[PDB]
Amino acid sequence: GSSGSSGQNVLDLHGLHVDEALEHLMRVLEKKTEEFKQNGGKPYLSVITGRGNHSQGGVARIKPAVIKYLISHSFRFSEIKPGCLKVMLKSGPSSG
């Protein structure tokens with residue numbers, strides 16, 4: 001319905017290289033949570049690794065790595081869509 005605070009909350013990984021996608025997931029995990037605490041947004045973050053591609057080849061192999069990195073940092077996430085991943089941003093201190 002109504003609209004909320006500005007700023008992208010969904011990060012699209014599909015299209016980039018496993019290496020890139022990963023690094024991005026980390027840079028966005030901290031860069032995103034920033035505004036989340038500064039302003040105030042959803043405690044989670046949308047991340048699209050890729051969908052449909054598999055049909056032909058979908059050899060992206062991005063989700064595989066992402067999932068591995070997540071579990072490592074004990075990052076809680078749920079699968080609501082066959083092409084989306086909901087992750088719960090971890091809370092903590094602030095820049096200042």
# chains A, B, ... in the order shown; residues from 1 in each chain; ligands from 1
>>> residues_around(residues="residue A:70", least_positions_apart="3", cutoff="12 Å", atoms="only C-alpha atoms", output="ChimeraX atom specification")
/A:22,25-26,29,47,63-67,73-78,85-90
>>> residues_around(residues="residue A:42", least_positions_apart="5", cutoff="10 Å", atoms="only C-alpha atoms", output="number ranges by chain")
A: 4-5, 9, 33, 36-37, 88-89
>>> closest_residue(among="A:83, A:57, A:1, A:40", to="residue A:13", atoms="only C-alpha atoms")
A:83
>>> residues_around(residues="stretch 50-52 of chain A", least_positions_apart="4", cutoff="12 Å", atoms="only C-alpha atoms", output="list in words")
residues 11, 12, 13, 14, 15, 16, 17, 18, 21, 56, 57, 58, 59, 60, 61, 62, 63, 64, 66, 81, 82, 83, 84 and 85 of chain A
>>> select_by_dssp(residues="chain A", states="strand (DSSP E or B)", output="list in words")
residues 10, 11, 12, 14, 16, 44, 45, 46, 47, 48, 77, 78, 85, 86, 87 and 88 of chain A
>>> write_last_selection(atoms="N, CA, C and O atoms", output="PDB file, in the first residue's frame")
ATOM      1  N   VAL A  10      16.480  -4.089  -2.072  1.00  0.00           N
ATOM      2  CA  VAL A  10      16.658  -5.356  -2.771  1.00  0.00           C
ATOM      3  C   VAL A  10      17.907  -5.332  -3.645  1.00  0.00           C
ATOM      4  O   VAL A  10      18.051  -4.472  -4.515  1.00  0.00           O
ATOM      5  N   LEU A  11      18.806  -6.280  -3.410  1.00  0.00           N
ATOM      6  CA  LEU A  11      20.043  -6.369  -4.177  1.00  0.00           C
ATOM      7  C   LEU A  11      19.985  -7.521  -5.174  1.00  0.00           C
ATOM      8  O   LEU A  11      19.766  -8.672  -4.796  1.00  0.00           O
ATOM      9  N   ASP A  12      20.185  -7.205  -6.448  1.00  0.00           N
ATOM     10  CA  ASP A  12      20.159  -8.214  -7.500  1.00  0.00           C
ATOM     11  C   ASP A  12      21.560  -8.751  -7.774  1.00  0.00           C
ATOM     12  O   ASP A  12      22.431  -8.026  -8.260  1.00  0.00           O
ATOM     13  N   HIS A  14      21.989 -11.801  -9.516  1.00  0.00           N
ATOM     14  CA  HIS A  14      21.916 -12.456 -10.817  1.00  0.00           C
ATOM     15  C   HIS A  14      22.527 -11.576 -11.904  1.00  0.00           C
ATOM     16  O   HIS A  14      22.108 -10.437 -12.103  1.00  0.00           O
ATOM     17  N   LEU A  16      26.028 -11.065 -12.134  1.00  0.00           N
ATOM     18  CA  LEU A  16      27.425 -10.877 -11.758  1.00  0.00           C
ATOM     19  C   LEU A  16      28.115 -12.219 -11.539  1.00  0.00           C
ATOM     20  O   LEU A  16      27.471 -13.269 -11.547  1.00  0.00           O
ATOM     21  N   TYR A  44      15.301  -6.806   7.423  1.00  0.00           N
ATOM     22  CA  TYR A  44      15.759  -7.810   6.469  1.00  0.00           C
ATOM     23  C   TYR A  44      16.242  -7.155   5.178  1.00  0.00           C
ATOM     24  O   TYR A  44      16.180  -5.935   5.027  1.00  0.00           O
ATOM     25  N   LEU A  45      16.723  -7.976   4.251  1.00  0.00           N
ATOM     26  CA  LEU A  45      17.216  -7.478   2.971  1.00  0.00           C
ATOM     27  C   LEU A  45      16.972  -8.496   1.862  1.00  0.00           C
ATOM     28  O   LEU A  45      17.330  -9.667   1.990  1.00  0.00           O
ATOM     29  N   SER A  46      16.365  -8.040   0.771  1.00  0.00           N
ATOM     30  CA  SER A  46      16.072  -8.912  -0.361  1.00  0.00           C
ATOM     31  C   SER A  46      17.319  -9.136  -1.210  1.00  0.00           C
ATOM     32  O   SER A  46      18.094  -8.210  -1.454  1.00  0.00           O
ATOM     33  N   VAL A  47      17.509 -10.374  -1.658  1.00  0.00           N
ATOM     34  CA  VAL A  47      18.661 -10.722  -2.481  1.00  0.00           C
ATOM     35  C   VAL A  47      18.286 -11.745  -3.547  1.00  0.00           C
ATOM     36  O   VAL A  47      17.914 -12.876  -3.233  1.00  0.00           O
ATOM     37  N   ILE A  48      18.386 -11.341  -4.808  1.00  0.00           N
ATOM     38  CA  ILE A  48      18.061 -12.224  -5.922  1.00  0.00           C
ATOM     39  C   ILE A  48      19.321 -12.808  -6.548  1.00  0.00           C
ATOM     40  O   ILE A  48      20.110 -12.093  -7.166  1.00  0.00           O
ATOM     41  N   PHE A  77      17.897 -16.770   7.284  1.00  0.00           N
ATOM     42  CA  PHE A  77      17.209 -16.409   6.049  1.00  0.00           C
ATOM     43  C   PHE A  77      16.098 -17.407   5.734  1.00  0.00           C
ATOM     44  O   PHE A  77      16.143 -18.558   6.168  1.00  0.00           O
ATOM     45  N   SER A  78      15.103 -16.957   4.977  1.00  0.00           N
ATOM     46  CA  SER A  78      13.979 -17.808   4.607  1.00  0.00           C
ATOM     47  C   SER A  78      13.704 -17.723   3.109  1.00  0.00           C
ATOM     48  O   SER A  78      13.907 -16.681   2.488  1.00  0.00           O
ATOM     49  N   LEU A  85      15.659 -14.466  -1.831  1.00  0.00           N
ATOM     50  CA  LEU A  85      16.173 -14.910  -0.541  1.00  0.00           C
ATOM     51  C   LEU A  85      16.064 -13.800   0.500  1.00  0.00           C
ATOM     52  O   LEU A  85      16.659 -12.732   0.348  1.00  0.00           O
ATOM     53  N   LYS A  86      15.304 -14.060   1.558  1.00  0.00           N
ATOM     54  CA  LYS A  86      15.119 -13.085   2.627  1.00  0.00           C
ATOM     55  C   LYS A  86      16.134 -13.305   3.744  1.00  0.00           C
ATOM     56  O   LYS A  86      16.179 -14.374   4.354  1.00  0.00           O
ATOM     57  N   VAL A  87      16.946 -12.286   4.010  1.00  0.00           N
ATOM     58  CA  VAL A  87      17.957 -12.367   5.057  1.00  0.00           C
ATOM     59  C   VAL A  87      17.675 -11.369   6.173  1.00  0.00           C
ATOM     60  O   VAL A  87      17.226 -10.251   5.921  1.00  0.00           O
ATOM     61  N   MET A  88      17.941 -11.780   7.408  1.00  0.00           N
ATOM     62  CA  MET A  88      17.716 -10.920   8.565  1.00  0.00           C
ATOM     63  C   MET A  88      18.990 -10.170   8.940  1.00  0.00           C
ATOM     64  O   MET A  88      19.972 -10.773   9.376  1.00  0.00           O
TER      65      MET A  88
END
>>> select_by_dssp(residues="stretch 53-87 of chain A", states="helix (DSSP H, G or I)", output="mmCIF file with C-alpha atoms, in the first residue's frame")
data_model
loop_
_atom_site.group_PDB
_atom_site.id
_atom_site.type_symbol
_atom_site.label_atom_id
_atom_site.label_comp_id
_atom_site.auth_asym_id
_atom_site.auth_seq_id
_atom_site.Cartn_x
_atom_site.Cartn_y
_atom_site.Cartn_z
ATOM 1 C CA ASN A 53 18.189 -19.161 -16.057
ATOM 2 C CA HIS A 54 18.496 -22.781 -14.926
ATOM 3 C CA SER A 55 15.935 -23.583 -17.622
ATOM 4 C CA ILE A 62 25.695 -17.690 -7.190
ATOM 5 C CA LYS A 63 23.097 -18.900 -4.690
ATOM 6 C CA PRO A 64 25.396 -21.817 -3.767
ATOM 7 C CA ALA A 65 28.157 -19.501 -2.549
ATOM 8 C CA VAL A 66 25.792 -16.996 -0.936
ATOM 9 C CA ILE A 67 24.132 -19.768 1.067
ATOM 10 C CA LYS A 68 27.545 -21.034 2.169
ATOM 11 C CA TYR A 69 28.666 -17.573 3.280
ATOM 12 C CA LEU A 70 25.383 -16.951 5.099
ATOM 13 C CA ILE A 71 25.370 -20.105 7.224
ATOM 14 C CA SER A 72 29.002 -19.359 8.071
#
>>> atom_distance(atom1="atom CA of residue A:19", atom2="atom CA of residue A:79")
22.4 Å
>>> atom_distance(atom1="atom CA of residue A:20", atom2="atom CA of residue A:35")
22.5 Å
>>> residues_around(residues="residue A:34", least_positions_apart="5", cutoff="9 Å", atoms="only C-alpha atoms", output="PyMOL selection string")
chain A and resi 29+39+94-95
>>> atom_distance(atom1="atom CA of residue A:96", atom2="atom CA of residue A:28")
19.2 Å
>>> decode(residues="stretch 8-46 of chain A", atoms="N, CA and C atoms", output="PDB file, in the first residue's frame")
ATOM      1  N   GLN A   8      17.242   1.747  -1.994  1.00  0.00           N
ATOM      2  CA  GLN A   8      17.045   0.377  -2.453  1.00  0.00           C
ATOM      3  C   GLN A   8      17.261  -0.616  -1.316  1.00  0.00           C
ATOM      4  N   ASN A   9      16.358  -1.585  -1.205  1.00  0.00           N
ATOM      5  CA  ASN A   9      16.450  -2.598  -0.159  1.00  0.00           C
ATOM      6  C   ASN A   9      16.668  -3.983  -0.761  1.00  0.00           C
ATOM      7  N   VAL A  10      16.480  -4.089  -2.072  1.00  0.00           N
ATOM      8  CA  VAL A  10      16.658  -5.356  -2.771  1.00  0.00           C
ATOM      9  C   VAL A  10      17.907  -5.332  -3.645  1.00  0.00           C
ATOM     10  N   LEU A  11      18.806  -6.280  -3.410  1.00  0.00           N
ATOM     11  CA  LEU A  11      20.043  -6.369  -4.177  1.00  0.00           C
ATOM     12  C   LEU A  11      19.985  -7.521  -5.174  1.00  0.00           C
ATOM     13  N   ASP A  12      20.185  -7.205  -6.448  1.00  0.00           N
ATOM     14  CA  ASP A  12      20.159  -8.214  -7.500  1.00  0.00           C
ATOM     15  C   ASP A  12      21.560  -8.751  -7.774  1.00  0.00           C
ATOM     16  N   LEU A  13      21.773 -10.024  -7.459  1.00  0.00           N
ATOM     17  CA  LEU A  13      23.070 -10.657  -7.669  1.00  0.00           C
ATOM     18  C   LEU A  13      23.134 -11.321  -9.041  1.00  0.00           C
ATOM     19  N   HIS A  14      21.989 -11.801  -9.516  1.00  0.00           N
ATOM     20  CA  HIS A  14      21.916 -12.456 -10.817  1.00  0.00           C
ATOM     21  C   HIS A  14      22.527 -11.576 -11.904  1.00  0.00           C
ATOM     22  N   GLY A  15      23.522 -12.113 -12.603  1.00  0.00           N
ATOM     23  CA  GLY A  15      24.175 -11.364 -13.660  1.00  0.00           C
ATOM     24  C   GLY A  15      25.657 -11.174 -13.405  1.00  0.00           C
ATOM     25  N   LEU A  16      26.028 -11.065 -12.134  1.00  0.00           N
ATOM     26  CA  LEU A  16      27.425 -10.877 -11.758  1.00  0.00           C
ATOM     27  C   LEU A  16      28.115 -12.219 -11.539  1.00  0.00           C
ATOM     28  N   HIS A  17      29.430 -12.179 -11.343  1.00  0.00           N
ATOM     29  CA  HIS A  17      30.208 -13.392 -11.119  1.00  0.00           C
ATOM     30  C   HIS A  17      30.207 -13.773  -9.642  1.00  0.00           C
ATOM     31  N   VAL A  18      30.195 -15.075  -9.372  1.00  0.00           N
ATOM     32  CA  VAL A  18      30.193 -15.571  -8.000  1.00  0.00           C
ATOM     33  C   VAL A  18      31.041 -14.685  -7.094  1.00  0.00           C
ATOM     34  N   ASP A  19      32.279 -14.438  -7.509  1.00  0.00           N
ATOM     35  CA  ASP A  19      33.192 -13.603  -6.735  1.00  0.00           C
ATOM     36  C   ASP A  19      32.579 -12.232  -6.467  1.00  0.00           C
ATOM     37  N   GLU A  20      32.121 -11.576  -7.528  1.00  0.00           N
ATOM     38  CA  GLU A  20      31.514 -10.256  -7.406  1.00  0.00           C
ATOM     39  C   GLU A  20      30.277 -10.306  -6.514  1.00  0.00           C
ATOM     40  N   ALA A  21      29.313 -11.137  -6.896  1.00  0.00           N
ATOM     41  CA  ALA A  21      28.080 -11.280  -6.131  1.00  0.00           C
ATOM     42  C   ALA A  21      28.369 -11.392  -4.638  1.00  0.00           C
ATOM     43  N   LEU A  22      29.328 -12.243  -4.289  1.00  0.00           N
ATOM     44  CA  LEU A  22      29.700 -12.444  -2.892  1.00  0.00           C
ATOM     45  C   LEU A  22      30.140 -11.131  -2.253  1.00  0.00           C
ATOM     46  N   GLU A  23      31.241 -10.575  -2.750  1.00  0.00           N
ATOM     47  CA  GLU A  23      31.766  -9.319  -2.227  1.00  0.00           C
ATOM     48  C   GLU A  23      30.649  -8.293  -2.055  1.00  0.00           C
ATOM     49  N   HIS A  24      29.776  -8.203  -3.054  1.00  0.00           N
ATOM     50  CA  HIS A  24      28.662  -7.263  -3.014  1.00  0.00           C
ATOM     51  C   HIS A  24      27.751  -7.550  -1.826  1.00  0.00           C
ATOM     52  N   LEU A  25      27.444  -8.826  -1.616  1.00  0.00           N
ATOM     53  CA  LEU A  25      26.581  -9.235  -0.513  1.00  0.00           C
ATOM     54  C   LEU A  25      27.140  -8.755   0.823  1.00  0.00           C
ATOM     55  N   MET A  26      28.462  -8.645   0.899  1.00  0.00           N
ATOM     56  CA  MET A  26      29.121  -8.195   2.119  1.00  0.00           C
ATOM     57  C   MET A  26      29.107  -6.672   2.214  1.00  0.00           C
ATOM     58  N   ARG A  27      29.432  -6.012   1.107  1.00  0.00           N
ATOM     59  CA  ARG A  27      29.458  -4.554   1.066  1.00  0.00           C
ATOM     60  C   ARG A  27      28.062  -3.979   1.284  1.00  0.00           C
ATOM     61  N   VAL A  28      27.054  -4.674   0.765  1.00  0.00           N
ATOM     62  CA  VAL A  28      25.671  -4.234   0.901  1.00  0.00           C
ATOM     63  C   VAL A  28      25.118  -4.578   2.281  1.00  0.00           C
ATOM     64  N   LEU A  29      25.596  -5.682   2.844  1.00  0.00           N
ATOM     65  CA  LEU A  29      25.151  -6.123   4.162  1.00  0.00           C
ATOM     66  C   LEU A  29      25.477  -5.078   5.224  1.00  0.00           C
ATOM     67  N   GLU A  30      26.598  -4.386   5.042  1.00  0.00           N
ATOM     68  CA  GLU A  30      27.021  -3.358   5.985  1.00  0.00           C
ATOM     69  C   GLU A  30      26.576  -1.975   5.520  1.00  0.00           C
ATOM     70  N   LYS A  31      26.644  -1.747   4.212  1.00  0.00           N
ATOM     71  CA  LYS A  31      26.247  -0.468   3.636  1.00  0.00           C
ATOM     72  C   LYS A  31      24.740  -0.264   3.750  1.00  0.00           C
ATOM     73  N   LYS A  32      23.992  -1.360   3.680  1.00  0.00           N
ATOM     74  CA  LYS A  32      22.538  -1.302   3.778  1.00  0.00           C
ATOM     75  C   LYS A  32      22.097  -1.117   5.226  1.00  0.00           C
ATOM     76  N   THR A  33      22.578  -1.991   6.104  1.00  0.00           N
ATOM     77  CA  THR A  33      22.235  -1.924   7.518  1.00  0.00           C
ATOM     78  C   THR A  33      22.476  -0.525   8.076  1.00  0.00           C
ATOM     79  N   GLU A  34      23.409   0.197   7.466  1.00  0.00           N
ATOM     80  CA  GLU A  34      23.734   1.550   7.904  1.00  0.00           C
ATOM     81  C   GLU A  34      22.479   2.414   7.977  1.00  0.00           C
ATOM     82  N   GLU A  35      21.851   2.634   6.826  1.00  0.00           N
ATOM     83  CA  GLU A  35      20.640   3.445   6.761  1.00  0.00           C
ATOM     84  C   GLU A  35      19.531   2.838   7.615  1.00  0.00           C
ATOM     85  N   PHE A  36      19.561   1.517   7.760  1.00  0.00           N
ATOM     86  CA  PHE A  36      18.558   0.811   8.550  1.00  0.00           C
ATOM     87  C   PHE A  36      18.560   1.302   9.995  1.00  0.00           C
ATOM     88  N   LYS A  37      19.750   1.589  10.515  1.00  0.00           N
ATOM     89  CA  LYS A  37      19.891   2.067  11.884  1.00  0.00           C
ATOM     90  C   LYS A  37      19.835   3.591  11.937  1.00  0.00           C
ATOM     91  N   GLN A  38      20.413   4.235  10.928  1.00  0.00           N
ATOM     92  CA  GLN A  38      20.427   5.691  10.861  1.00  0.00           C
ATOM     93  C   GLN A  38      19.013   6.243  10.705  1.00  0.00           C
ATOM     94  N   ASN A  39      18.285   5.723   9.722  1.00  0.00           N
ATOM     95  CA  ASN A  39      16.919   6.164   9.467  1.00  0.00           C
ATOM     96  C   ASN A  39      15.912   5.213  10.107  1.00  0.00           C
ATOM     97  N   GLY A  40      15.840   3.994   9.579  1.00  0.00           N
ATOM     98  CA  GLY A  40      14.916   3.009  10.111  1.00  0.00           C
ATOM     99  C   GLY A  40      14.125   2.309   9.023  1.00  0.00           C
ATOM    100  N   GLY A  41      14.547   1.097   8.675  1.00  0.00           N
ATOM    101  CA  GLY A  41      13.861   0.343   7.642  1.00  0.00           C
ATOM    102  C   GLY A  41      13.634  -1.103   8.035  1.00  0.00           C
ATOM    103  N   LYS A  42      13.349  -1.946   7.047  1.00  0.00           N
ATOM    104  CA  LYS A  42      13.110  -3.363   7.295  1.00  0.00           C
ATOM    105  C   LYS A  42      14.361  -4.038   7.848  1.00  0.00           C
ATOM    106  N   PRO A  43      14.176  -4.870   8.883  1.00  0.00           N
ATOM    107  CA  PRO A  43      15.278  -5.595   9.523  1.00  0.00           C
ATOM    108  C   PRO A  43      15.854  -6.684   8.624  1.00  0.00           C
ATOM    109  N   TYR A  44      15.301  -6.806   7.423  1.00  0.00           N
ATOM    110  CA  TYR A  44      15.759  -7.810   6.469  1.00  0.00           C
ATOM    111  C   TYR A  44      16.242  -7.155   5.178  1.00  0.00           C
ATOM    112  N   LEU A  45      16.723  -7.976   4.251  1.00  0.00           N
ATOM    113  CA  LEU A  45      17.216  -7.478   2.971  1.00  0.00           C
ATOM    114  C   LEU A  45      16.972  -8.496   1.862  1.00  0.00           C
ATOM    115  N   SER A  46      16.365  -8.040   0.771  1.00  0.00           N
ATOM    116  CA  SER A  46      16.072  -8.912  -0.361  1.00  0.00           C
ATOM    117  C   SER A  46      17.319  -9.136  -1.210  1.00  0.00           C
TER     118      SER A  46
END
